[PDB]
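J.: following this: a sequence and the matching experimental structure.
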Amino acid sequence: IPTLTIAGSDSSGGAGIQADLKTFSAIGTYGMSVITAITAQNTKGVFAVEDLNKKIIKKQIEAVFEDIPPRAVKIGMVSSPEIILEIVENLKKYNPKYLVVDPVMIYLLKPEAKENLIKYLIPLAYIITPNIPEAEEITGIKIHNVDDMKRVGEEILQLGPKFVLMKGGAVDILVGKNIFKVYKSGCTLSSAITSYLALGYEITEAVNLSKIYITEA
Amino acid sequence: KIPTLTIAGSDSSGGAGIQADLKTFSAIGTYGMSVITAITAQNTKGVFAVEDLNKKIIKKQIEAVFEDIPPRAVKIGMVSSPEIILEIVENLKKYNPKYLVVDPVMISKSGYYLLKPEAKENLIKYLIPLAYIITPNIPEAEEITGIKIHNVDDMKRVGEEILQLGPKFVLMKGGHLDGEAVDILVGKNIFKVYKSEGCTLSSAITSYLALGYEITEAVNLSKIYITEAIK
């Protein structure tokens, strides 16, 4: 059961494709990756961030989808607006069943990248997993309490995602058309959801298990 | 939370390189980190693109990892650029990790060289001598020493020649010979024979060393891991 992560590389192993692959491995899906950028960083700071060229990113995408296609795909932090479009164009070509978009912005974000994320990537998401500042950047609405989290979440549903998991911080909320759930509370969570959706779990359930998974880790 | 580092190329299909290493690390229980040296677009049907990263971003990745909470064991996987091999060696001498597991990937199961002459020369002359343990197949052991291997006695003698070059231990993987397949562990004062079976074996050895097992038990547990993985 293949699950793909499309994100940057983090040398510390705390985020990016490393964190996603570790999670896929622990949960039991077969991990695959398209690396979009290389970052040298640790708990003390970022030493360097370097985008990969678009043709090597394209080749990675073709290699993954054209052999054993992934059941579910996670998109993490992609800072290049051009790389975001490249990702969108190819996702529409292969149409993986479940797309999990984690709009990572931490503060590192380009206005044009924000624009592409919102206009083109988000509407394709089965589920989007923004934290509070990401939900604010996306909608331009302040978030003060859970009522504002719920409401901003419903504003985000209007952009196309089938579900929104808003991460507070302290509670998280899952909103969908006929679904509202509160969870007493990052990259691990969205990769964990990707794996459970790929394994055939229903969305509320996949989120249940992902939280439980995090506790142990 | 025991950190283990892998320094190797990325394989999009997730069957090799850092992806395979990170999967093993995670399954065994160590905290995986990686210095990526190259980007490869490939799958079971073939290799579509390979791109070496620049020296500077490799250097920065290494510095980042060693300047915070460093790894308790380090695996070096396949590195195809001669220049990157030298930079990895210079950085490894600066940080001096205790458990350096070098998987000297040079020749495939199918019998093809996987590195050009200069890369191979740099790996053999400068990286291999820093290893705590190396995990060559028979063709690789032959390549390292220039000595032909026809049986297990030869495996042992060539393993011992390899120790004089710097590694404290050699785990020579069998399978290549026409005869009986066995894996042999050789150190200055140990010789042990194991059942024969890759990336998983070297990455699993890295994890068990980091977890606090001495080499012989680390190898032992790695083999049990593989057996359990195969089912």
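T.: Thanks, I have the structure now. Numbers count the residues shown, from 1 in each chain, chains lettered A, B, ... in the order given.
J.: all strands of chain A, in order?
T.: For chain A, the strands defined by DSSP state E cover A:2-10, A:30-42, A:45-51, A:72-75, A:98-101, A:127-128, A:163-167, A:171-176, A:179-184.
J.: got the ones you listed as JSON lines, with mean neighbour count columns?
T.: All C-beta atoms are positioned from the backbone trio N, CA, C, and that covers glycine. Shown next, in JSON lines, are the strands of chain A (neighbours: other CB atoms under 10 Å in any protein chain shown):
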{"stretch": "strand A:2-10", "mean neighbour count": "27"}
{"stretch": "strand A:30-42", "mean neighbour count": "25"}
{"stretch": "strand A:45-51", "mean neighbour count": "16"}
{"stretch": "strand A:72-75", "mean neighbour count": "28"}
{"stretch": "strand A:98-101", "mean neighbour count": "25"}
{"stretch": "strand A:127-128", "mean neighbour count": "28"}
{"stretch": "strand A:163-167", "mean neighbour count": "24"}
{"stretch": "strand A:171-176", "mean neighbour count": "19"}
{"stretch": "strand A:179-184", "mean neighbour count": "13"}
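J.: mind putting the ones you listed in a markdown table, distance to residue B:211 included?
T.: Below are the strands of chain A laid out as a markdown table (distance: least, CB to CB, whole Å):
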| stretch | distance to residue B:211 |
| --- | --- |
| strand A:2-10 | 23 |
| strand A:30-42 | 22 |
| strand A:45-51 | 28 |
| strand A:72-75 | 29 |
| strand A:98-101 | 32 |
| strand A:127-128 | 36 |
| strand A:163-167 | 32 |
| strand A:171-176 | 33 |
| strand A:179-184 | 33 |
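J.: how about those in JSON lines, adding distance to chain B?
T.: Formatted as JSON lines, these follow (distance: least, CB to the nearest CB, whole Å):
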{"stretch": "strand A:2-10", "distance to chain B": "5"}
{"stretch": "strand A:30-42", "distance to chain B": "4"}
{"stretch": "strand A:45-51", "distance to chain B": "4"}
{"stretch": "strand A:72-75", "distance to chain B": "13"}
{"stretch": "strand A:98-101", "distance to chain B": "17"}
{"stretch": "strand A:127-128", "distance to chain B": "23"}
{"stretch": "strand A:163-167", "distance to chain B": "23"}
{"stretch": "strand A:171-176", "distance to chain B": "24"}
{"stretch": "strand A:179-184", "distance to chain B": "24"}
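J.: among those, which comes closest to residue A:191?
T.: Ranking these by proximity to residue A:191 (CB to CB) places strand A:72-75 first, at 5.6 Å.
J.: excluding covalently adjacent residues, which one is nearest to the one residue sitting closest to the centre of chain A?
T.: Nearest to the mean C-alpha position of chain A, by CA atoms, centre = their mean, lies residue A:102 at 2.3 Å. Taking CB to CB, 6 or more residues apart in numbering or on different chains, and ignoring the residues beside it in sequence, residue A:102 has residue A:190 as its nearest neighbour in space, at 3.8 Å.
J.: contacts only, for the nearest residue to residue A:176 once chain neighbours are set aside.
T.: Nearest residue to residue A:176, sequence neighbours excluded (CB to CB, 6+ apart): residue A:163, at 4.3 Å. Residues near residue A:163 by CB atoms under 8 Å, 6 or more residues apart in numbering or on different chains: A:126-128, A:157, A:174-176, A:179, A:203.
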